[PDB]
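The next block is query-v8.cif, given as mmCIF, N, CA and C atoms.
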data_work
#
loop_
_atom_site.label_atom_id
_atom_site.label_comp_id
_atom_site.auth_asym_id
_atom_site.auth_seq_id
_atom_site.Cartn_x
_atom_site.Cartn_y
_atom_site.Cartn_z
N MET A 130 -6.42 -10.14 -5.64
CA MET A 130 -5.24 -9.53 -5.00
C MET A 130 -4.64 -8.48 -5.91
N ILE A 131 -4.31 -7.33 -5.35
CA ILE A 131 -3.74 -6.24 -6.12
C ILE A 131 -2.25 -6.32 -6.21
N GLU A 132 -1.77 -5.58 -7.17
CA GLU A 132 -0.39 -5.23 -7.27
C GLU A 132 -0.31 -3.73 -7.31
N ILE A 133 0.65 -3.16 -6.64
CA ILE A 133 0.89 -1.75 -6.79
C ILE A 133 2.00 -1.56 -7.81
N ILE A 134 1.67 -0.92 -8.91
CA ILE A 134 2.53 -0.93 -10.08
C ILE A 134 3.37 0.30 -10.15
N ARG A 135 4.66 0.11 -10.32
CA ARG A 135 5.51 1.26 -10.36
C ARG A 135 5.71 1.79 -11.75
N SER A 136 5.34 3.04 -11.89
CA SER A 136 5.42 3.74 -13.13
C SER A 136 5.63 5.23 -12.87
N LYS A 137 6.67 5.81 -13.45
CA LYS A 137 6.87 7.24 -13.32
C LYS A 137 6.41 7.95 -14.54
N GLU A 138 6.70 7.39 -15.70
CA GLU A 138 6.56 8.19 -16.88
C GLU A 138 5.14 8.13 -17.38
N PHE A 139 4.43 9.25 -17.31
CA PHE A 139 3.22 9.42 -18.08
C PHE A 139 3.46 10.55 -19.07
N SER A 140 3.81 11.69 -18.49
CA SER A 140 4.60 12.73 -19.11
C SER A 140 5.25 13.48 -17.96
N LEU A 141 6.55 13.62 -17.97
CA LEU A 141 7.21 14.30 -16.86
C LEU A 141 7.57 15.70 -17.25
N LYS A 142 7.66 15.86 -18.54
CA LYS A 142 7.86 17.17 -19.15
C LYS A 142 6.84 18.16 -18.59
N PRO A 143 7.32 19.29 -18.05
CA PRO A 143 6.49 20.22 -17.30
C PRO A 143 5.47 20.97 -18.16
N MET A 144 4.24 20.92 -17.71
CA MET A 144 3.10 21.55 -18.37
C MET A 144 2.05 21.88 -17.33
N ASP A 145 1.12 22.74 -17.68
CA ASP A 145 0.05 23.10 -16.76
C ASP A 145 -0.89 21.93 -16.52
N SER A 146 -1.68 22.04 -15.47
CA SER A 146 -2.70 21.05 -15.17
C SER A 146 -3.66 20.90 -16.33
N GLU A 147 -4.03 22.02 -16.95
CA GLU A 147 -4.94 22.01 -18.10
C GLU A 147 -4.37 21.13 -19.20
N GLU A 148 -3.06 21.19 -19.34
CA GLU A 148 -2.34 20.45 -20.34
C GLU A 148 -2.31 18.98 -20.01
N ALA A 149 -2.08 18.71 -18.75
CA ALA A 149 -1.99 17.37 -18.24
C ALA A 149 -3.32 16.66 -18.30
N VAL A 150 -4.34 17.39 -17.86
CA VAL A 150 -5.66 16.85 -17.68
C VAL A 150 -6.26 16.53 -19.03
N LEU A 151 -5.88 17.36 -19.96
CA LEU A 151 -6.15 17.19 -21.35
C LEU A 151 -5.77 15.79 -21.79
N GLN A 152 -4.56 15.40 -21.47
CA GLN A 152 -4.07 14.12 -21.92
C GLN A 152 -4.58 13.03 -21.01
N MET A 153 -4.93 13.42 -19.78
CA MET A 153 -5.51 12.50 -18.80
C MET A 153 -6.81 11.98 -19.38
N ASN A 154 -7.42 12.87 -20.12
CA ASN A 154 -8.70 12.67 -20.75
C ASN A 154 -8.54 11.88 -22.04
N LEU A 155 -7.31 11.84 -22.55
CA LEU A 155 -7.05 11.15 -23.80
C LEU A 155 -6.90 9.67 -23.53
N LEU A 156 -6.30 9.37 -22.39
CA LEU A 156 -6.14 8.00 -21.94
C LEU A 156 -7.44 7.50 -21.37
N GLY A 157 -8.17 8.45 -20.80
CA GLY A 157 -9.36 8.12 -20.07
C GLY A 157 -9.02 7.72 -18.65
N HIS A 158 -7.79 8.03 -18.24
CA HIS A 158 -7.30 7.70 -16.93
C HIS A 158 -7.89 8.66 -15.94
N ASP A 159 -8.25 8.10 -14.82
CA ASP A 159 -8.79 8.85 -13.72
C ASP A 159 -7.80 9.88 -13.20
N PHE A 160 -6.54 9.78 -13.60
CA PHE A 160 -5.54 10.75 -13.15
C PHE A 160 -4.31 10.72 -14.07
N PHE A 161 -3.54 11.80 -14.06
CA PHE A 161 -2.37 11.92 -14.91
C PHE A 161 -1.26 12.68 -14.19
N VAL A 162 -0.01 12.24 -14.36
CA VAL A 162 1.12 12.92 -13.75
C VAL A 162 1.67 13.96 -14.71
N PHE A 163 1.91 15.15 -14.19
CA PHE A 163 2.52 16.22 -14.94
C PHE A 163 3.34 17.05 -13.96
N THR A 164 4.41 17.66 -14.40
CA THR A 164 5.04 18.65 -13.56
C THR A 164 4.69 20.01 -14.08
N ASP A 165 4.68 21.00 -13.23
CA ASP A 165 4.34 22.34 -13.66
C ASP A 165 5.61 23.15 -13.86
N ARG A 166 5.85 23.56 -15.10
CA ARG A 166 7.08 24.27 -15.50
C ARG A 166 7.33 25.53 -14.68
N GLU A 167 6.27 26.06 -14.08
CA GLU A 167 6.35 27.22 -13.21
C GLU A 167 7.52 27.07 -12.25
N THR A 168 7.54 25.93 -11.59
CA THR A 168 8.59 25.60 -10.64
C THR A 168 9.28 24.31 -11.06
N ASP A 169 8.71 23.71 -12.10
CA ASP A 169 9.08 22.38 -12.58
C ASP A 169 8.93 21.36 -11.47
N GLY A 170 7.76 21.39 -10.85
CA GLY A 170 7.49 20.53 -9.72
C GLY A 170 6.32 19.61 -10.00
N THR A 171 6.19 18.55 -9.23
CA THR A 171 5.20 17.53 -9.54
C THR A 171 3.82 17.90 -9.01
N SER A 172 2.84 17.77 -9.88
CA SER A 172 1.45 18.06 -9.58
C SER A 172 0.58 17.10 -10.39
N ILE A 173 -0.31 16.39 -9.74
CA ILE A 173 -1.12 15.41 -10.43
C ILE A 173 -2.54 15.88 -10.62
N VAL A 174 -3.04 15.54 -11.78
CA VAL A 174 -4.33 15.96 -12.23
C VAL A 174 -5.26 14.73 -12.27
N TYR A 175 -6.39 14.81 -11.60
CA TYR A 175 -7.30 13.66 -11.53
C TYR A 175 -8.77 14.00 -11.86
N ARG A 176 -9.52 12.97 -12.27
CA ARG A 176 -10.92 13.09 -12.68
C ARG A 176 -11.87 13.12 -11.50
N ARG A 177 -12.28 14.31 -11.13
CA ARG A 177 -13.30 14.49 -10.11
C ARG A 177 -14.67 14.36 -10.76
N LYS A 178 -15.33 13.22 -10.53
CA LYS A 178 -16.61 12.91 -11.17
C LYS A 178 -17.74 13.85 -10.72
N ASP A 179 -17.38 14.86 -9.94
CA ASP A 179 -18.34 15.83 -9.43
C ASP A 179 -18.43 16.97 -10.43
N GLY A 180 -17.52 16.92 -11.39
CA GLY A 180 -17.47 17.91 -12.42
C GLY A 180 -16.26 18.81 -12.31
N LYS A 181 -15.38 18.46 -11.38
CA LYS A 181 -14.10 19.11 -11.23
C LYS A 181 -12.98 18.19 -11.61
N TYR A 182 -11.81 18.64 -11.27
CA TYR A 182 -10.60 17.86 -11.38
C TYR A 182 -9.77 18.01 -10.12
N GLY A 183 -9.13 16.92 -9.71
CA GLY A 183 -8.36 16.97 -8.49
C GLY A 183 -6.91 17.19 -8.79
N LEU A 184 -6.37 18.28 -8.30
CA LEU A 184 -4.98 18.59 -8.54
C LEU A 184 -4.21 18.45 -7.25
N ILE A 185 -3.09 17.77 -7.35
CA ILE A 185 -2.23 17.54 -6.22
C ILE A 185 -0.89 18.15 -6.51
N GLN A 186 -0.22 18.54 -5.47
CA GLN A 186 1.07 19.20 -5.60
C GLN A 186 2.06 18.65 -4.60
N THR A 187 3.16 18.16 -5.11
CA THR A 187 4.20 17.61 -4.28
C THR A 187 5.56 18.23 -4.61
N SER A 188 6.20 18.77 -3.59
CA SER A 188 7.53 19.33 -3.72
C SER A 188 8.41 18.77 -2.63
N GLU A 189 7.98 17.62 -2.10
CA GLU A 189 8.61 16.98 -0.95
C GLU A 189 8.42 17.85 0.30
N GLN A 190 8.94 17.40 1.43
CA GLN A 190 8.79 18.15 2.67
C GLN A 190 10.08 18.88 2.99
N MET B 130 -18.61 23.02 -16.54
CA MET B 130 -17.24 23.56 -16.58
C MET B 130 -16.47 23.12 -15.34
N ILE B 131 -15.25 22.66 -15.54
CA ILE B 131 -14.43 22.19 -14.43
C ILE B 131 -13.63 23.28 -13.80
N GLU B 132 -13.19 22.96 -12.62
CA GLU B 132 -12.16 23.68 -11.94
C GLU B 132 -11.06 22.71 -11.62
N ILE B 133 -9.84 23.12 -11.78
CA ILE B 133 -8.75 22.30 -11.30
C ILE B 133 -8.34 22.79 -9.93
N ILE B 134 -8.50 21.93 -8.94
CA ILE B 134 -8.44 22.35 -7.56
C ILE B 134 -7.09 22.10 -6.97
N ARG B 135 -6.53 23.11 -6.35
CA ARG B 135 -5.23 22.92 -5.80
C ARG B 135 -5.26 22.47 -4.37
N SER B 136 -4.64 21.33 -4.17
CA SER B 136 -4.57 20.71 -2.88
C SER B 136 -3.29 19.88 -2.77
N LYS B 137 -2.45 20.16 -1.77
CA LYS B 137 -1.28 19.30 -1.60
C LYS B 137 -1.45 18.33 -0.48
N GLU B 138 -2.23 18.67 0.52
CA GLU B 138 -2.18 17.85 1.69
C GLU B 138 -3.24 16.78 1.60
N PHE B 139 -2.83 15.54 1.47
CA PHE B 139 -3.71 14.43 1.74
C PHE B 139 -3.14 13.66 2.92
N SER B 140 -1.90 13.23 2.72
CA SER B 140 -0.93 12.98 3.76
C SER B 140 0.43 13.11 3.09
N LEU B 141 1.30 13.94 3.61
CA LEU B 141 2.59 14.14 2.96
C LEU B 141 3.65 13.37 3.69
N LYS B 142 3.33 13.10 4.92
CA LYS B 142 4.14 12.25 5.78
C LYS B 142 4.46 10.94 5.05
N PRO B 143 5.75 10.60 4.94
CA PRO B 143 6.20 9.50 4.10
C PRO B 143 5.80 8.12 4.62
N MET B 144 5.20 7.36 3.74
CA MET B 144 4.73 6.02 4.01
C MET B 144 4.73 5.21 2.73
N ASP B 145 4.66 3.91 2.84
CA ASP B 145 4.63 3.05 1.67
C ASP B 145 3.34 3.22 0.88
N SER B 146 3.34 2.76 -0.35
CA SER B 146 2.15 2.76 -1.17
C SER B 146 1.02 1.99 -0.51
N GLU B 147 1.37 0.85 0.11
CA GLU B 147 0.39 0.03 0.81
C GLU B 147 -0.32 0.85 1.87
N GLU B 148 0.44 1.71 2.50
CA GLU B 148 -0.04 2.55 3.57
C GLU B 148 -0.94 3.63 3.05
N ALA B 149 -0.55 4.16 1.93
CA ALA B 149 -1.24 5.24 1.30
C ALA B 149 -2.55 4.77 0.70
N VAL B 150 -2.46 3.63 0.06
CA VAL B 150 -3.55 3.10 -0.72
C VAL B 150 -4.64 2.66 0.23
N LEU B 151 -4.17 2.20 1.36
CA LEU B 151 -4.99 1.89 2.49
C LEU B 151 -5.92 3.05 2.80
N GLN B 152 -5.36 4.24 2.90
CA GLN B 152 -6.15 5.38 3.28
C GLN B 152 -6.88 5.92 2.07
N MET B 153 -6.35 5.62 0.89
CA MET B 153 -6.97 5.99 -0.38
C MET B 153 -8.33 5.33 -0.44
N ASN B 154 -8.34 4.16 0.16
CA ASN B 154 -9.49 3.29 0.22
C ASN B 154 -10.44 3.72 1.32
N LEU B 155 -9.93 4.54 2.24
CA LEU B 155 -10.74 4.99 3.36
C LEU B 155 -11.60 6.16 2.93
N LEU B 156 -11.03 6.97 2.05
CA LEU B 156 -11.73 8.10 1.47
C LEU B 156 -12.64 7.61 0.38
N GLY B 157 -12.19 6.55 -0.25
CA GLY B 157 -12.85 6.04 -1.42
C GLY B 157 -12.39 6.80 -2.65
N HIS B 158 -11.28 7.52 -2.50
CA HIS B 158 -10.73 8.31 -3.58
C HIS B 158 -10.03 7.41 -4.53
N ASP B 159 -10.21 7.73 -5.78
CA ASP B 159 -9.59 7.01 -6.86
C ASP B 159 -8.07 7.10 -6.79
N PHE B 160 -7.55 8.00 -5.97
CA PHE B 160 -6.09 8.11 -5.83
C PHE B 160 -5.73 8.86 -4.54
N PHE B 161 -4.50 8.67 -4.07
CA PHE B 161 -4.04 9.28 -2.83
C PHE B 161 -2.57 9.67 -2.94
N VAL B 162 -2.21 10.82 -2.38
CA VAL B 162 -0.83 11.27 -2.40
C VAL B 162 -0.12 10.79 -1.15
N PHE B 163 1.07 10.26 -1.34
CA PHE B 163 1.92 9.83 -0.25
C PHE B 163 3.36 10.00 -0.69
N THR B 164 4.26 10.27 0.23
CA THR B 164 5.65 10.18 -0.13
C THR B 164 6.21 8.91 0.45
N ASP B 165 7.23 8.37 -0.16
CA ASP B 165 7.81 7.14 0.32
C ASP B 165 9.06 7.45 1.13
N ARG B 166 9.02 7.13 2.42
CA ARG B 166 10.11 7.46 3.36
C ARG B 166 11.46 6.91 2.93
N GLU B 167 11.43 5.90 2.07
CA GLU B 167 12.63 5.31 1.51
C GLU B 167 13.58 6.40 1.05
N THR B 168 13.04 7.30 0.26
CA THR B 168 13.79 8.43 -0.26
C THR B 168 13.13 9.74 0.17
N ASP B 169 11.96 9.57 0.79
CA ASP B 169 11.07 10.67 1.15
C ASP B 169 10.67 11.44 -0.10
N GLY B 170 10.23 10.70 -1.10
CA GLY B 170 9.88 11.28 -2.37
C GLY B 170 8.44 11.02 -2.72
N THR B 171 7.89 11.79 -3.64
CA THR B 171 6.46 11.73 -3.91
C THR B 171 6.11 10.58 -4.85
N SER B 172 5.10 9.83 -4.45
CA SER B 172 4.59 8.70 -5.21
C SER B 172 3.09 8.60 -4.96
N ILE B 173 2.31 8.56 -6.01
CA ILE B 173 0.87 8.54 -5.85
C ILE B 173 0.28 7.18 -6.13
N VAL B 174 -0.69 6.86 -5.32
CA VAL B 174 -1.33 5.58 -5.33
C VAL B 174 -2.77 5.75 -5.85
N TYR B 175 -3.13 5.00 -6.88
CA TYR B 175 -4.46 5.15 -7.48
C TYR B 175 -5.21 3.82 -7.67
N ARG B 176 -6.55 3.93 -7.76
CA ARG B 176 -7.45 2.78 -7.90
C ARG B 176 -7.54 2.28 -9.33
N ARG B 177 -6.80 1.24 -9.62
CA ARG B 177 -6.90 0.56 -10.89
C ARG B 177 -8.05 -0.44 -10.84
N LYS B 178 -9.15 -0.09 -11.49
CA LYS B 178 -10.38 -0.89 -11.45
C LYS B 178 -10.21 -2.26 -12.12
N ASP B 179 -8.99 -2.57 -12.53
CA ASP B 179 -8.68 -3.83 -13.19
C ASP B 179 -8.30 -4.83 -12.12
N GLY B 180 -8.15 -4.31 -10.92
CA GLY B 180 -7.81 -5.12 -9.78
C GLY B 180 -6.41 -4.86 -9.29
N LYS B 181 -5.78 -3.84 -9.86
CA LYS B 181 -4.51 -3.35 -9.40
C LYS B 181 -4.64 -1.99 -8.78
N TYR B 182 -3.49 -1.42 -8.57
CA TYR B 182 -3.37 -0.04 -8.15
C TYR B 182 -2.30 0.66 -8.96
N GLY B 183 -2.54 1.93 -9.28
CA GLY B 183 -1.59 2.65 -10.08
C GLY B 183 -0.68 3.49 -9.22
N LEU B 184 0.60 3.21 -9.29
CA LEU B 184 1.56 3.94 -8.49
C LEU B 184 2.40 4.79 -9.40
N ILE B 185 2.55 6.03 -9.00
CA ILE B 185 3.32 6.99 -9.75
C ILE B 185 4.44 7.48 -8.87
N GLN B 186 5.51 7.87 -9.49
CA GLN B 186 6.69 8.31 -8.78
C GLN B 186 7.26 9.56 -9.41
N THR B 187 7.38 10.59 -8.61
CA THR B 187 7.92 11.84 -9.07
C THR B 187 9.04 12.33 -8.15
N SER B 188 10.19 12.59 -8.75
CA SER B 188 11.32 13.13 -8.02
C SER B 188 11.87 14.33 -8.78
N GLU B 189 10.99 14.89 -9.62
CA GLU B 189 11.35 15.97 -10.54
C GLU B 189 12.33 15.45 -11.60
N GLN B 190 12.74 16.32 -12.51
CA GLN B 190 13.65 15.91 -13.57
C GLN B 190 15.07 16.37 -13.26
#

Translate this structure into structure tokens?
Amino acid sequence: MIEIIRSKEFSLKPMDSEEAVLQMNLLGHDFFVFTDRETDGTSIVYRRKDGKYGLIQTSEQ
Amino acid sequence: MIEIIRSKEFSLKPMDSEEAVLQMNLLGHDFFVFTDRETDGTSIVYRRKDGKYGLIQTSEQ
């Protein structure tokens, strides 16, 4: 049985995806939360095992 | 060489993590973007291979 774990802080301090993914790779986590200082908005960086990375962008609706 | 791919839409329509993770599991994606209608804020649901799920919450700073 799973638990869905609530966690906000990975790094919230705004940085590029390259920056985020960098640290995503340090944890070895399949994904990392970062905001992009451009707009200071939330964008998540994930490990695309195809040789890419999956970037998501949320600014609410 | 990677590309960081920009994509916002997985489902932005606000739903619980359970709801999101459900569909995360339909894609087989290690993670899924959903907002939580509670506050209508962004929270990402990810596949914790430990038998959990990783939930992230972003409401900006």

Output check: residues returned by the PyMOL selection byres (((chain B and resi 172-180 and name CA) around 8) and name CA), as an mmCIF file with N, CA and C atoms, in the frame of the given file:
data_model
loop_
_atom_site.group_PDB
_atom_site.id
_atom_site.type_symbol
_atom_site.label_atom_id
_atom_site.label_comp_id
_atom_site.auth_asym_id
_atom_site.auth_seq_id
_atom_site.Cartn_x
_atom_site.Cartn_y
_atom_site.Cartn_z
ATOM 1 N N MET A 130 -6.420 -10.140 -5.640
ATOM 2 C CA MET A 130 -5.240 -9.530 -5.000
ATOM 3 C C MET A 130 -4.640 -8.480 -5.910
ATOM 4 N N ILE A 131 -4.310 -7.330 -5.350
ATOM 5 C CA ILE A 131 -3.740 -6.240 -6.120
ATOM 6 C C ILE A 131 -2.250 -6.320 -6.210
ATOM 7 N N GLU A 132 -1.770 -5.580 -7.170
ATOM 8 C CA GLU A 132 -0.390 -5.230 -7.270
ATOM 9 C C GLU A 132 -0.310 -3.730 -7.310
ATOM 10 N N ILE A 133 0.650 -3.160 -6.640
ATOM 11 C CA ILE A 133 0.890 -1.750 -6.790
ATOM 12 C C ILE A 133 2.000 -1.560 -7.810
ATOM 13 N N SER B 146 3.340 2.760 -0.350
ATOM 14 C CA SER B 146 2.150 2.760 -1.170
ATOM 15 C C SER B 146 1.020 1.990 -0.510
ATOM 16 N N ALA B 149 -0.550 4.160 1.930
ATOM 17 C CA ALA B 149 -1.240 5.240 1.300
ATOM 18 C C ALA B 149 -2.550 4.770 0.700
ATOM 19 N N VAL B 150 -2.460 3.630 0.060
ATOM 20 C CA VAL B 150 -3.550 3.100 -0.720
ATOM 21 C C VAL B 150 -4.640 2.660 0.230
ATOM 22 N N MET B 153 -6.350 5.620 0.890
ATOM 23 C CA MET B 153 -6.970 5.990 -0.380
ATOM 24 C C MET B 153 -8.330 5.330 -0.440
ATOM 25 N N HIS B 158 -11.280 7.520 -2.500
ATOM 26 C CA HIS B 158 -10.730 8.310 -3.580
ATOM 27 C C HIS B 158 -10.030 7.410 -4.530
ATOM 28 N N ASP B 159 -10.210 7.730 -5.780
ATOM 29 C CA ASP B 159 -9.590 7.010 -6.860
ATOM 30 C C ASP B 159 -8.070 7.100 -6.790
ATOM 31 N N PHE B 160 -7.550 8.000 -5.970
ATOM 32 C CA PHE B 160 -6.090 8.110 -5.830
ATOM 33 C C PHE B 160 -5.730 8.860 -4.540
ATOM 34 N N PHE B 161 -4.500 8.670 -4.070
ATOM 35 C CA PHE B 161 -4.040 9.280 -2.830
ATOM 36 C C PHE B 161 -2.570 9.670 -2.940
ATOM 37 N N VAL B 162 -2.210 10.820 -2.380
ATOM 38 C CA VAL B 162 -0.830 11.270 -2.400
ATOM 39 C C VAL B 162 -0.120 10.790 -1.150
ATOM 40 N N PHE B 163 1.070 10.260 -1.340
ATOM 41 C CA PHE B 163 1.920 9.830 -0.250
ATOM 42 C C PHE B 163 3.360 10.000 -0.690
ATOM 43 N N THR B 164 4.260 10.270 0.230
ATOM 44 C CA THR B 164 5.650 10.180 -0.130
ATOM 45 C C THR B 164 6.210 8.910 0.450
ATOM 46 N N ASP B 165 7.230 8.370 -0.160
ATOM 47 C CA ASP B 165 7.810 7.140 0.320
ATOM 48 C C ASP B 165 9.060 7.450 1.130
ATOM 49 N N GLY B 170 10.230 10.700 -1.100
ATOM 50 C CA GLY B 170 9.880 11.280 -2.370
ATOM 51 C C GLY B 170 8.440 11.020 -2.720
ATOM 52 N N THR B 171 7.890 11.790 -3.640
ATOM 53 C CA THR B 171 6.460 11.730 -3.910
ATOM 54 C C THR B 171 6.110 10.580 -4.850
ATOM 55 N N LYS B 181 -5.780 -3.840 -9.860
ATOM 56 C CA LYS B 181 -4.510 -3.350 -9.400
ATOM 57 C C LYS B 181 -4.640 -1.990 -8.780
ATOM 58 N N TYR B 182 -3.490 -1.420 -8.570
ATOM 59 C CA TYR B 182 -3.370 -0.040 -8.150
ATOM 60 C C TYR B 182 -2.300 0.660 -8.960
ATOM 61 N N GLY B 183 -2.540 1.930 -9.280
ATOM 62 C CA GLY B 183 -1.590 2.650 -10.080
ATOM 63 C C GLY B 183 -0.680 3.490 -9.220
ATOM 64 N N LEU B 184 0.600 3.210 -9.290
ATOM 65 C CA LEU B 184 1.560 3.940 -8.490
ATOM 66 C C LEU B 184 2.400 4.790 -9.400
ATOM 67 N N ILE B 185 2.550 6.030 -9.000
ATOM 68 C CA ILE B 185 3.320 6.990 -9.750
ATOM 69 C C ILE B 185 4.440 7.480 -8.870
ATOM 70 N N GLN B 186 5.510 7.870 -9.490
ATOM 71 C CA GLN B 186 6.690 8.310 -8.780
ATOM 72 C C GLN B 186 7.260 9.560 -9.410
ATOM 73 N N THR B 187 7.380 10.590 -8.610
ATOM 74 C CA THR B 187 7.920 11.840 -9.070
ATOM 75 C C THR B 187 9.040 12.330 -8.150
#

Could you give me the centre and size, in Å to one decimal, of an axis-aligned box around all listed atoms of range 160-179 of chain A with 8 Å added on every side, as JSON?
{"center_x": -4.6, "center_y": 18.5, "center_z": -12.3, "size_x": 43.7, "size_y": 33.4, "size_z": 22.5}

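Between atom C of residue 138 in chain B and atom N of residue 167 in chain B there is a distance of 18.3 Å.
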
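Of the residues under consideration (B:145, B:140, B:134, B:188), B:145 shows the shortest atom-to-atom contact distance to residue 166 in chain B when counting all atoms listed in the file.
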
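For the set A:137, A:152, A:168, A:144, the residue with the smallest atom-to-atom gap to chain B is A:137, counting only N, CA and C atoms.
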
*Hey, what does DSSP flag as helix (DSSP H, G or I) within range 148-186 of chain B? Can you give it to me as an MDAnalysis selection string?*
chainID B and resid 148:156

*Take CA of residue 143 in chain B and CA of residue 147 in chain A and report the distance between them in Å, one decimal.*
27.8 Å
